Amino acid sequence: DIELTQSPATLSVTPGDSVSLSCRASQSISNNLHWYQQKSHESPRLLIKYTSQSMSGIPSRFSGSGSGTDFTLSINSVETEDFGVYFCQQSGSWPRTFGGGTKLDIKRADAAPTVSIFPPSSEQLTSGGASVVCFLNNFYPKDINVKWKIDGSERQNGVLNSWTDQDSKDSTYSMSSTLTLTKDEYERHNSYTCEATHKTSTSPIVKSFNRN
């Protein structure tokens, strides 16, 4: 099987930067190499066909080049809407294969997360459940670490974390952290704390509440 190796695996680019993505085939595939851009939860979108041929509806900023086993997808003046995963795929040999993809995200000014903490709803409590939800919204860069503290003790069990893809509007990221415990347990403590460790500050953003 012809293996397509893409480089870099990931990269952050500032709007206006020119970009060149690499895709190398283990062996010749001639010009039978195609490029795609895939947004989260969307099928890949064909950008360039047969190494350098254009696809209608694709911004001119995208171009492709290569010959043999070295191929390049170039973006002249990358734009905010260009974030996503770029894949190359060959059709010069069977089976058809795809590169591992290059995750491209937009570099933007640092932004501290907006943290919101929510105690368990009266309804959930009535059902005997207890969930403490914490939202860390619109921050950047993506790297962040949340930690829960119950009456001063870090709780790792029962914590569920989820991150969003990069925002298409402000290029930021967001995260939700849900600390789940039994109602009894929740009722056994007072201080519930959500701590966000982000580079936008030496001291982490901390939001908490007292069961009162």
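Start at 1 with the first residue shown and count on from there.
Averaged over their C-alpha atoms, the temperature factors of 22 to 30 and 150 to 158 are higher for 150 to 158. In this entry, the higher average B-factor at the C-alpha atoms falls on 113 to 121, of the pair 113 to 121 and 94 to 102.
Residue set 70, 184, 167, 42: peak C-alpha B-factor at 184 (per PDB entry). Ranked against the other modelled residues of its chain, the C-alpha B-factor of residue 2 as given in the entry falls in the middle third.
In the PDB entry, residue 74 places in the lowest third of its chain by CA B-factor. Sort the modelled residues of the chain by CA B factor and residue 144 lands in the highest third. Placement of the Cα temperature factor of residue 138 within the chain: middle third of the modelled residues, per the deposited record. Compared with the other modelled residues of the chain, the Cα B-factor recorded for residue 176 ranks in the middle third.
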